[PDB]
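Peer 1: Protein chains in written order, with PDB author numbering: chain A, 5 to 443; chain C, 5 to 443; chain D, 5 to 443; chain B, 5 to 443. For each residue, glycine too, the CB sits at the ideal point set by N, CA and C. Quick one: the structure is below, questions incoming.
4 protein chains.
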Amino acid sequence: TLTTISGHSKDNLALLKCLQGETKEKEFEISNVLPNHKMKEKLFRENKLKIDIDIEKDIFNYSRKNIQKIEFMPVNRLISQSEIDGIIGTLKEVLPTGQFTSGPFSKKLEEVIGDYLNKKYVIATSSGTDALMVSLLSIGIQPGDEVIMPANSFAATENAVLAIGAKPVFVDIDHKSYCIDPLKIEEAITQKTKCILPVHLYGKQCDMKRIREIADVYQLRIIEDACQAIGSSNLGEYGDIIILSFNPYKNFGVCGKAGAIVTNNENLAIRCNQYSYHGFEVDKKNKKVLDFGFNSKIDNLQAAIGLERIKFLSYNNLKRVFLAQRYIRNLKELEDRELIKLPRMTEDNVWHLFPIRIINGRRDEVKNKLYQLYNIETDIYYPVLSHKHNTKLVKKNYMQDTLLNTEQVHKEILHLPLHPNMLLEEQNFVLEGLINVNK
Amino acid sequence: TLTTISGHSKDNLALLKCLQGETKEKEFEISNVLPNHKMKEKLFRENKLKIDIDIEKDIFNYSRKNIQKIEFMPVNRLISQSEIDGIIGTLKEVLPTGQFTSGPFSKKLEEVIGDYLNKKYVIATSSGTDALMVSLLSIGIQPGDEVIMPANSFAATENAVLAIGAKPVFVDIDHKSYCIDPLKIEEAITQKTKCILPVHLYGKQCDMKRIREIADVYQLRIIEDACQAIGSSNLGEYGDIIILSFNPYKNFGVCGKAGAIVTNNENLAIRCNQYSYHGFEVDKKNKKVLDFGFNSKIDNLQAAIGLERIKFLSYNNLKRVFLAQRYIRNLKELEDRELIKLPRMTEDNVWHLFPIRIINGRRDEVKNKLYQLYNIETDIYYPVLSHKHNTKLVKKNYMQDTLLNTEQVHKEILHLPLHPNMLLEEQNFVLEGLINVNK
Amino acid sequence: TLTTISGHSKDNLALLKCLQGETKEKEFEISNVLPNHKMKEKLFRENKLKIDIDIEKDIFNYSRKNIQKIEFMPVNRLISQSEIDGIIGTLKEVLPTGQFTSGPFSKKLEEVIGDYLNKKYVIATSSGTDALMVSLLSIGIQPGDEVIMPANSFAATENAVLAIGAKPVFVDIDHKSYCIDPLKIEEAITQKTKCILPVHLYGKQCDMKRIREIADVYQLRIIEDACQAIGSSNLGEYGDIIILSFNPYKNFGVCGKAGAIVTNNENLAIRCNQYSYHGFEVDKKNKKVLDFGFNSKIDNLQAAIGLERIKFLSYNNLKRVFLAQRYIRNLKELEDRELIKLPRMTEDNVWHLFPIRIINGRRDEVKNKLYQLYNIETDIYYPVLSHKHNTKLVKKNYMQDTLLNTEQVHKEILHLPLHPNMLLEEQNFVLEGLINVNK
Amino acid sequence: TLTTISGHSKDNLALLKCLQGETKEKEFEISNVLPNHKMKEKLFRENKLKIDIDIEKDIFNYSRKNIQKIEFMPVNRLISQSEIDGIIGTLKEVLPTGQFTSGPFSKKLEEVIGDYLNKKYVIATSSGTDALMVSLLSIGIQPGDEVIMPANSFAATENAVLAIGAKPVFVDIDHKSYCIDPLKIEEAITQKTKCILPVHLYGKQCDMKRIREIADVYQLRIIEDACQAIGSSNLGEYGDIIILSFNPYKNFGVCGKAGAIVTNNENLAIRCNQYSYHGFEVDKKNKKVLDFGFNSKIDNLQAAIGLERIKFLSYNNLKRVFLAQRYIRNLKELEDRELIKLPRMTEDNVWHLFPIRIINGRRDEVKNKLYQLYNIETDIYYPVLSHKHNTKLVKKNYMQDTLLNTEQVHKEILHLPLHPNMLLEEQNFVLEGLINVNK
Ligand code: NA
Ligand code: NA
């Protein structure tokens, strides 16, 4: 059997299983798409998998290095010297053009992302938050319309809804994946509902087939917040619009803010292009066709940087899967002792963040002791749920919201350090602290 | 008998008069602020003006070059190799830090801008449009509130008002400067008016003392759109908040989108800082104190680029005043012949754009003939007035607006190419075409 | 008229004349060949010459830098940071291939050189000395055969002849160009003559049309030592084989030793290929068809370095012409006073070295005072003529040789610093010292 | 008891026996010379052998890989990522010096090689072939002088002799080591013999004590071709000059061509230094003292590369000895059955190539079936004996040469893949094929 590695999550899992010998005798080709550039250089030779790959020594550079502390996300570790060298090279080409607003690198990155997501239209934006705002306007959202969404996403998700005067309507999450529960969506639909905004939180996809079945009964649009899920196989199959972020701390990021709007719907894509640049007709600066818009296209310079950094995406995603598997397998004893709950390995997760649940009310004690006793930073993405801020909006509108699963899980969740440039010695340091703090 | 060059417009005009021998009674030193870096390196030795400065040869590299065509604003010419070299140098320091959202270059640029503007609080933003939307929300603008503004600015000014649900209320311009007529503001004030939004159009400052006098009577805020007016002496004396743009084609730009909010009002500055990053408390990510916010702070990488490019601001602004003076003196016969009206030299103008008026209905013919017969691109900033776009909004709310001076000037205005790295031979080519087309 | 810049000496002179206004309105495009890469980036935009080029400021970075001493050839100055960044980039590609003997970059550099010289066959070698030795064997030179050559070249030229047991026969140079005098060649031909070996010394071509007329009458081969003359227009038109060197201090260099054999003659090219690699049949390692051979192909790694460095060749050669013209024009007074003789500007010279003659016996005093009094290094390429070394060979075989012009010129020649990364401030320091030492 | 590992072959065998538990009573330390760098880092801590060393897992990364095919010497497998990283690091320091001919890394590598060989003088050259040619000229070889050598070496050995006009005189090999038979040398000496040129073929040393006894009686020089034997204990004890190659596919290589001349004889070292650079006096460029010379010193850039790569030499030599022992032990059945002859383990062999003899005429059958049926490449180093090439020289001078044991062994020899970064799974695949083809 010969498989072409596409650079998405499903084929990364198949490749990992082959590298670890959990596989039938299988052979691999690599697709020559830009998100596979680093993987092809590092792991392939003459379009075949290198025979002498050792994951720990060659991909993770394991050398028994001594580790004394762990930070959750040291941002200097998220960019490699290889990426820097390439970024300097492409900046030497972009800077003399003087093209610093739109330009040819913006168009090229839109084509690359369209090819990678298998979608016809891409509008590269100045942020994922801006992409969401523009996408909501493009489907016709007016002030007062309702948008069904979960209450456990980053603030940007609700903020894009609120900034255009729409109303978040919060629905509880499921019991297995941190994602909006499809079985609770229909009961929140009102005559003001215009959109369902699922979030593919932590890099895991929501159950989109069920959500689309509901949307189609009520003639609702679906805008997917995929800002943490780049690379996830079949992303967007059922969505009207998919939102990406290329923030520098995402699985793929530029060196500043950026994002994208992805869709097969030409009418929505046109309206997104118009709203993302002042309401002007496409390529007609200063001539409005829509009533207003924003200044929200990507910078050409960041698109050039993105075309260099995206070369590392499938390889960095593979490294993330390996780290996730290694946490799951080495922490299983704590789950058998009913002290924690672990995520499961699935083919869609791109492992932007690695959640566990500490049950029996011990999450705060374990988090605090990991730091104070073991010098391990962990974090809680995110520390306050949407309906629990001390804002006038919440106090006037969301005081009767009860989201029982969301609120219970929020007492238990903890995120462990997971970023592709981590050393396995560093993950071992986290693993030993987690074991010791739970003896 | 000594002037210290501050880097602003008044001292640039005084220096140019010295460099041309119009005065010889004065001696110059230059202050060590970052916007003066290039001017000090190029024109001074040991804080004394070089004795052998030839403006044409030393500042404009005049060489009797043979010109064939003129583009209005070729963006490759707006950045110099010295700028590029410095940008590459600073990015080699920034990139290994991985600090691509907030960072220390953001804070340094805020400090440099605050000193240059003599204002206490600076919030560097992701664009001038975002700065304006945030500043309007900071003074409490709610949906339906009215904002008095001219109808001849770039669309961003009205769009920021519309994006947050407020209502532009257009007032006519004066007879002398393209700026809002203070004598027409009071009669547009209603119970719904919350803000006057004057625009310092083309680089020229509005009559802010009179506008403040009206605002105080009616307890209105003033937010100043200064996106074209960086470097203008005494900018912001009377406004609550001043908005800057560092778009790459402004008199000072970065290499992508950026801007700033400038104020002396700590309460406004705090709200602006909160709205510019998701409504979170300052230095407390994930904890909202405002109902929503944007993702609208400057990128640290662009702030780094800004601290390199701003070194050229006073010097490039001096080159602009020299070019503007040259147009005025060499087109005077066309105005003496009542064919055109020229701008006057004033100490506040930074000459972002150079407007003339072609009277007796000839503007279109002159523009077209300059391009077709002389290969000279001129342009009209901006081609459609705010109350004249063919949008649903205009058809619903603005059909009965009549702005007599704005509409008459709009039939006459034409902008001539003016950018600091233009050659004097290029300006001579424009001059010859304008004279020849008016014979 | 439109001219395509080919990257060779004639077009560089035409481009320089245009840049300096010594020609018509002339327009240029640039051939997209590798040796033009840097010129195209630095001087062209949209395949047309940039309008805003100032030679002194943009090409030479003139800034009135203070200079305190001059070295003749500081080797750290012969390689730019831009070249280094590119070399690191291509090394990251070549190193993991493991291909360090012949390989694809060797082949590609042969193709680039073949295109640039307009010759059918190129064998890239481990040095120019090795290229000459192989080429002499390929034409059938046996021990005791004679090779007619000048006596004023680098020792490599004669050494290649001697290393294969052949006999240099020295002929005097002309009175104008430091090159072998065609009118003295015929009288040196004997029954043992097998080759005429003219040297294009200092970057200037010999009179090859006349040398070919003689060679054809006597059915002799011509091998041209062009190791200093890369880029010279029409190089090799009349020669059977042309030898190149890519030593790091040539006008185009790699980062180590390398050279090339260039020819249109397939028989000679095949034998060169075989002699350059152990006498093996082409592509048949370990299978000899010639009696012996050498290990004299280029390293694949150096060929990859060459493909990066050659991008700078036409631009560096243009800088050399400008420096040469500037010496000629600024030292004219000293020739008028009959103190020195200067080279003339010609379309073939690529100005590897810049010779003057100091007459009336003053050369040693001028050289010694330029260093000890003015801190200027000059050099004499080369200090000993071939028939004047203190070796057994000279004592046995060359004691009766009298080369009147070679010997007289050798008492007068002096080479002035000339290399393309020189500052004009540095050349001005040389010019002032030469003027002052000759008052 | 305690052994300090010197980095040579004897100590590697001793260490290997300890790692396998064929010795128990021995403690090891390791010397701090550069060729031990990687072994010390990988196998020692605080200058004591690591306690937990598993040869298969820790040194060969054994992981039950499924093998599909074997190439004899895939050049991409001969350099490691660690080497590449170190090479890029050192070239970032060398490149800005612009020192690409002579320079300080050449001198440092000469020092390192002198210490490793226990010899006083080292001239690092551009290749092993050039080292041999220069060494032959340094001992006074004249055209027509005779050099006794075997007929089964790489063609470079004979070619160096032929290139300077000298005459190879072939002598048969022994019956046990593939080396020149000392008992056949004396009968080949004539009045014209000046040198014995033994070859340490495949990494095995010749019987040098006996050859020196003969050379002294007959007043001959010995130049040892040790181009395949770096690291062999006691190499060159009896030779006048020892020749090394650092070709990239040798046990130690650079990334291009290089080699060395090694001697204790100062007069010979001086003459080698002069001949290697144009015949010039040492450190007096352009002044010849010998009649001619070559352009044959090492490149400073390749010396820098060699100082990085030589760090791996003792460790890579240790892996080779383990592979060779594994072939000997696992193929012994085929030798017991009188199908093949195997090499024997000896303390001097560095196992550059791994020879077996397939007897009863079956060598070609075994080689062809291993490739066609099992996808295993084997090779024959070398396919044509010196006196059998179809050249004019062989037909003129060597048609009556009969070398009975060389010719018989040539019909039986086959080399098995053996390189230090091969997988043990790959060796097992070769083992299984060779056993299966000999059923
Ligand atoms: Na210029
Ligand atoms: Na002849």
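Which of the three DSSP states, helix, strand or coil, is assigned to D89/D?
Peer 2: Reduced to three states, the DSSP call for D89/D is helix.
Peer 1: In terms of residue numbering, what span does the alpha helix (DSSP H) encompassing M137/B cover?
Peer 2: That run of the alpha helix (DSSP H) goes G132 to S142.
Peer 1: Thinking C-alpha only, which one of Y206/D, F109/D, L23/D and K254/D is nearest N70/C?
Peer 2: Of the candidates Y206/D, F109/D, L23/D and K254/D, the one whose C-alpha sits nearest the C-alpha of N70/C is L23/D.
Peer 1: Find out if the Cβ-Cβ distance for the pair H356/A, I384/A is shorter than 9 Å.
Peer 2: Contact: no.
Peer 1: Quick one: what's got a C-beta closer than 8 Å to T129/A's C-beta in the same chain, skipping five residues either side?
Peer 2: Excluding positions up to five away in sequence, the list reads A135, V138, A262, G263, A264, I265, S280, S300, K301 and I302.
Peer 1: Classify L422/D as helix, strand or coil using the three-state DSSP reduction.
Peer 2: In this structure, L422/D counts as coil in the three-state DSSP scheme.
Peer 1: Does DSSP put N409/B in a helix, in a strand, or in coil?
Peer 2: Three-state DSSP puts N409/B in a helix.
Peer 1: With H, G and I counted as helix, E and B as strand and the rest as coil, what does DSSP make of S13/C?
Peer 2: Residue state, collapsed to three classes: helix.
Peer 1: What is the DSSP secondary structure of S110/C, counted as helix, strand or coil?
Peer 2: It is helical.
Peer 1: Per DSSP, what kind of secondary structure is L47/C in: helix, strand or coil?
Peer 2: Helix at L47/C.
Peer 1: Leaving out five residues on either side along the sequence, give the residues of the same chain with a beta carbon under 6 Å from the beta carbon of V116/D.
Peer 2: If we look at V116/D and ignore the five residues flanking it on each side, its Cβ neighbours are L38.
Peer 1: Residues in the segment 339-356 of chain D with C-beta within 8 Å of chain B's C-beta atoms, listed in sequence order?
Peer 2: From the segment 339-356 of chain D, no residue has a Cβ closer than 8 Å to chain B.
Peer 1: Please classify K289/D as buried or exposed, where buried requires at least 16 neighbouring CB atoms within 10 angstroms.
Peer 2: Label assigned to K289/D: exposed.
Peer 1: Report the rounded CA-to-CA distance for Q431/B versus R341/B, giving the unit in angstroms.
Peer 2: In a straight line, the C-alpha of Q431/B is about 21 Å away from that of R341/B.
Peer 1: When the distance is taken between beta carbons, is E190/A closer than 9 Å to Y222/A?
Peer 2: The answer is yes: Cβ separation under 9 Å.
Peer 1: Please go through the same chain and pick out, in chain order, the residues whose beta-carbon is closer than 6 Å to the beta-carbon of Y125/D, but skip the five residues on each side of it.
Peer 2: Once the five neighbours on either side are set aside, the close Cβ partners of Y125/D are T267 and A273.
Peer 1: Using a Cβ-Cβ distance under 9 Å, would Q85/C count as near chain D?
Peer 2: Yes, its Cβ sits closer than 9 Å to a Cβ of chain D.
Peer 1: Give the residues of chain A in contact with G93/D, contact being defined as C-beta atoms less than 9 Å apart.
Peer 2: Here the neighbours are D89, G90 and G93.
Peer 1: On a CA-only basis, which of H414/B, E45/B and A159/B is nearest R68/A? Give me that one, please.
Peer 2: With distances taken between Cα atoms, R68/A lies closest to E45/B.
Peer 1: As a quick exercise: from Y120/A, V370/A, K415/A and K254/A, pick the residue whose alpha carbon is nearest that of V441/A.
Peer 2: With distances taken between Cα atoms, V441/A lies closest to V370/A.
Peer 1: Between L435/A and the rest of its own chain, which residues show a CB-CB distance below 6 Å, the 5 nearest in sequence each way excluded?
Peer 2: Around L435/A: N334.
Peer 1: At a Cβ cut of 9 Å, what residues of the segment 140-172 of chain D count as close to chain B, listed as they run along the chain?
Peer 2: Cβ contacts with chain B: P147, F158, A159, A160, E162, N163, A164, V165, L166, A167, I168 and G169.
Peer 1: Return the first residue and the last residue of the beta strand (DSSP E) that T197/B is part of.
Peer 2: Where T197/B is concerned, the enclosing beta strand (DSSP E) stretches over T197 to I200.
Peer 1: Going by DSSP, which residues form a beta bridge with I152/D?
Peer 2: Answer by DSSP bridge pairing, in chain order: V173/D and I200/D.
Peer 1: What residues of chain C sit near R49/D, judged by a beta carbon separation below 7 Å?
Peer 2: Within chain C, the residues near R49/D are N80.
Peer 1: Give a yes or no on whether the minimum CB-CB distance between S10/B and chain A is below 9 Å.
Peer 2: No - not a single Cβ of chain A is within 9 Å of the one on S10/B.
Peer 1: What does the Cβ neighbour count give for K208/A, buried or exposed, with the cut at 16 atoms within 10 Å?
Peer 2: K208/A should be labelled buried.
Peer 1: So, are the CB atoms of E312/C and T105/C less than 9 Å apart?
Peer 2: It is not a contact, given that the beta carbons lie outside the stated cut-off.
Peer 1: Can you list, in chain order, the residues of its chain whose CB lies under 6 Å from that of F64/B, leaving out five sequence neighbours each side?
Peer 2: Taken in chain order, the residues that qualify are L428.
Peer 1: Inspect the beta-carbon positions of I380/B and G437/B and report whether they are closer than 9 Å.
Peer 2: Yes. Within cutoff.
Peer 1: Taking 9 Å as the CB-CB limit, is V388/B close to chain D?
Peer 2: Taking Cβ atoms only, chain D reaches closer than 9 Å to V388/B, which makes this a yes.
Peer 1: Answer yes or no: the CB of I57/D versus the heavy atoms of ligand 1, is any distance below 8 Å?
Peer 2: Yes, since a heavy atom of ligand 1 falls inside the 8 Å radius drawn around the Cβ of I57/D.
Peer 1: Using the Cα positions of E31/B and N238/B, report the straight-line distance between them to the nearest angstrom.
Peer 2: Roughly 22 Å between the two C-alpha positions.
Peer 1: Ends of the beta strand (DSSP E) at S237/D?
Peer 2: That residue, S237/D, is in no beta strand (DSSP E); it is neither H nor E in DSSP.
Peer 1: Got a sec, what are the start and stop residues for the alpha helix (DSSP H) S318/C sits in?
Peer 2: First-last of the alpha helix (DSSP H) with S318/C: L317 to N334.
Peer 1: Regarding residue 444/B and ligand 2, is the C-beta to nearest heavy atom distance less than 8 Å?
Peer 2: As displayed, chain B neither begins before 5 nor continues past 443, which places residue 444/B out of reach and without an answer.
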